[PDB]
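Here the structure comes first, spelled out in structure tokens, and everything after it is commentary.
When reading the values below, keep in mind they use all heavy atoms of this one structure, side chains included, and skip hydrogens, waters and symmetry mates. Proteins come first, then strands; the chains are lettered A, B, ... in the order of their sequence lines, and each starts at number 1.
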Amino acid sequence: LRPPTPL
Amino acid sequence: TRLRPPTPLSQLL
Amino acid sequence: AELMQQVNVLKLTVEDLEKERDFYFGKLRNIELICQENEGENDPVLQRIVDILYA
Amino acid sequence: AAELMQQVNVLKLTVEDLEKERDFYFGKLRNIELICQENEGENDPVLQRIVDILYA
């Protein structure tokens with residue numbers, strides 16, 4: 001799964 | 001479809 | 001003085017977050033379609049997945 | 001300019017909201033992935049097809 005890019 | 005549709009970008013701004 | 005930099009920076013962040021959000025949602029929609037095709041199967045694992053989609 | 005400041009604050013709210021939505025949909029995907037991993041042994045090919053979508 002492509003992890004959400006951290007803010 | 002019973003998925004929660006994403007709120008449109010026209011809205012929230 | 002006052003800076004317009006913030007607006008343009010935030011706008012980029014908004015478009016990038018929108019992309020990610022639409023990317024994940026699309027997959028969910030794809031999965032919903034696969035489950036709808038296998039409604040007659042009465043598969044307990046699929047049922048669990050279906051509940052997560054609509055939670 | 002107050003208009004610009006309002007626009008900034010509005011965008012901030014929007015960023016928070018999109019982030020929430022993004023994590024909300026991703027969370028579902030993650031939980032689905034875990035369920036598929038638990039059932040790797042069983043011959044239920046639809047789960048592999050669900051898995052292929054997750055990694056697409």
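The side chain to side chain contact (heavy atoms under 4.5 Å, CB included) check on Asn30(C) picks up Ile53(D), with sequence neighbours excluded. Residues satisfying the side-chain hydrogen bond (donor to acceptor under 3.5 Å, both in side chains) criterion with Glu21(D), sequence neighbours excluded, are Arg21(C). Partners of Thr1(B) under the side-chain hydrogen bond (donor to acceptor under 3.5 Å, both in side chains) rule, at least two apart in sequence or in another chain, are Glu32(C). Listed by chain and number, the residues in a side-chain hydrogen bond (donor to acceptor under 3.5 Å, both in side chains) with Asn42(C) amount to none (sequence neighbours excluded). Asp52(D) is linked by a side-chain hydrogen bond (donor to acceptor under 3.5 Å, both in side chains) to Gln48(D), counting only residues two or more places apart in sequence or in another chain. Residues satisfying the side chain to side chain contact (heavy atoms under 4.5 Å, CB included) test with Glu37(C), not counting sequence neighbours, are none.
If you take CD on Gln36(C) and CG on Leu46(C), they are separated by 12.0 Å, rounding to the nearest 0.5 Å. Within the model, atoms CD1 of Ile49(C) and OH of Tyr54(C) stand 12.0 Å from one another, a figure rounded to the nearest 0.5 Å. Distance CG/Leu28(C) to CZ/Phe26(D): 11.0 Å, rounded to 0.5 Å. The structure places CD1 of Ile32(D) at 4.5 Å from CD1 of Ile31(C), a figure rounded to the nearest 0.5 Å.
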(request) Under the side chain to side chain contact (heavy atoms under 4.5 Å, CB included) rule, what do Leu54(D) and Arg2(A) come out as? Steps first, then yes or no, please. (result) CA-CA 9 Å; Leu54(D) 296 171; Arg2(A) 186 193 293 175; over 6 Å; no
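In this structure, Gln11(B) places its CD atom where only 12 or fewer heavy-atom neighbours from other residues, nucleotides or ligands lie under 6.0 Å away.
Formation of a donor-acceptor pair under 3.5 Å by the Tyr25(D) side chain with backbone atoms of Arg4(B) is found in this model. At least one donor-acceptor pair under 3.5 Å links the side chain of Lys27(C) to the backbone N or O of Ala56(D).
Proximity of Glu40(D) to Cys36(D): side-chain heavy atoms (C-beta onward) are nowhere separated by under 4.5 Å.
Under the 4.5 Å side-chain heavy-atom criterion for ILVMFWY residues, a single connected hydrophobic cluster contains both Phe23(C) and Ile34(C).
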Name each donor-acceptor pair under 3.5 Å that joins a side chain in residues 1-17 of chain D to protein atoms two or more places apart or in another chain, with its distance.
residue	atom	partner	partner atom	Å
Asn9(D)	ND2	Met5(D)	O	3.3
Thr14(D)	OG1	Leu12(B)	O	2.6
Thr14(D)	OG1	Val10(D)	O	3.2

